[PDB]
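As structure tokens, one chain now follows by itself in the form deposited in one PDB entry.
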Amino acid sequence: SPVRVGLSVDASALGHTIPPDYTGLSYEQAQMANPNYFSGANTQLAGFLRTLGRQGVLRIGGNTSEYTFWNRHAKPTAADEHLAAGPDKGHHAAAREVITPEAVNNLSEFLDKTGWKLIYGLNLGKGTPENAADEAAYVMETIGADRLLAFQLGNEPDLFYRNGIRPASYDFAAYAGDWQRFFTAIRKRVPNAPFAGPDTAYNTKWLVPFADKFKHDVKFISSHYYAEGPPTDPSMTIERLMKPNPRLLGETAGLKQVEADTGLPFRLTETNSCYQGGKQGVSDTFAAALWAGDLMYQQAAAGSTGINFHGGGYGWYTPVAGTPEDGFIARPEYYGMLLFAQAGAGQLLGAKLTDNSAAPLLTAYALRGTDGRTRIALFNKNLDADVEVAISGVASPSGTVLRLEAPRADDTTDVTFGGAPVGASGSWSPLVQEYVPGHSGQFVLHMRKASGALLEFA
């Protein structure tokens, strides 16, 4: 008894072109203490990234970027060789960590193995302008201008007061002074250094004035987004995660207005479902695959240049979990990102849903792929409604579907895409071929409650 909905694809209703480096991941700066983590020797993790995209961006930053210190004079410690730095849980100060030349050297080899570009945090919370200049210089020397997309000067400077990185009086004016002192010092060592900022969630007292003041000094605006609101909200649940987020829609409009005003594009450089490394039973579940995959397309359709899902260690929300010693595994959220990866880049098209008020959390995105083939990504985020989608507007002799599936929305395992789990080192290929029945120039796709689908048309 599915809800019977219509989907009308309009090849003339042109949306944004998804860039090839749209996908991405965010990690804590602290992880750079361990030269074995972002290393050319870390073939497993490099494989996971390549499966997410042949192009993409690795962002390193986070709350630990205020507690992490480049030391050109240092070599990794024995403890550094086993450090697994998951998402910062925001409870108190992170441990002090040291980044060495060796770790930067190894990060360059990791970027060469993955083909991803880098956003690299510098320590404006507690470090000096001169050490940021020295760190930037070594990153530029070692990673190179082609792979280095941007430096960032502080992570979430609007929240520095929370753990005493700044006094409660710290405001945009104080941060602009800091930012300019760091920018000037860095540009003396690295005249071509690229920047992004302010590396926080959209707001009127920080991000808007940042863009106005520093629009000639940055390449793009870096924003953050978590589906979970402030801690006074009802605890985020799977049910809530599947629903529209009016805060997201408003902040995205805010970023679009900044782009119109300043010319600066925006990237979502730290995102995930829930704070503090995630919420067990929400962030580490199949629902996070549906949420993440749908978010990637929602933001692409809104004109975002890309995304970076925060993670690392064994954090509840991490796309990829594990360590070089123990191995790495794809978590449920990774499968949402994998659906996006398999769809590929291209230009979004109009895709209007009708007769869908009883299945209101179904989303759909149509894409003219760079290879000329039409694809449709659907997320049936309705937890209790199966759907039957009558697809009009596509003329093709053959459509196939790859399904994003788990037996329950709160599953922490049992997730597959195209009838297969992801294996070691990001290995994935589809194992189930399913055609979508076509008649009268239309197709009909069934989707179970709490599932996703990627359709490809010949």
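All residue numbers refer to positions in the sequence shown, first residue = 1. Here, rigid core means the biggest group of C-alpha atoms that superpose within 1.5 Å across both forms.
Although it is not shown, the form deposited with a small molecule bound is what the next lines describe.
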Q | Answer option from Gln433, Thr43, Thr413, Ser427, heavy atom within 4.5 Å of the small molecule in the deposited bound form | A | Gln433
Q: Scan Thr400, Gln55, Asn36, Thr51 and let me know which has any heavy atom within 4.5 Å of the small molecule in the deposited bound form.
A: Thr400
Q. For the chain seen here without its partner, which of 43-51, 419-427, 405-413, 392-400 has a heavy atom within 4.5 Å of the small molecule in the deposited bound form?
A. 392-400
Q. If you line up the core, which of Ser108, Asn131, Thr323, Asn203 has a CA that moves 2 Å or more between the shown form and the other one?
A. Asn203
(Q) Once both forms sit on the same rigid core, is the C-alpha displacement of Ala79 at or above 2 Å between the shown form and the other one? (A) yes
Q: Inspect the rigid-core superposition and answer whether the C-alpha of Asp233 shifts by 2 angstroms or more between the shown form and the other one.
A: yes
Q.
My question is whether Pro19 is one of the residues whose C-alpha shifts by 2 Å or more between the shown form and the other one, given a fit on the rigid core.
A. no
Q: Please say whether the CA atoms of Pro231 and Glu333 come closer or move farther apart in the deposited bound form, knowing the change relative to this form is 3 Å or more.
A: closer
Q: Over in the other structure, so in the deposited bound form, do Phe69 and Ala79 pull closer or drift farther apart at the C-alpha level? The difference is 3 angstroms or more.
A: closer
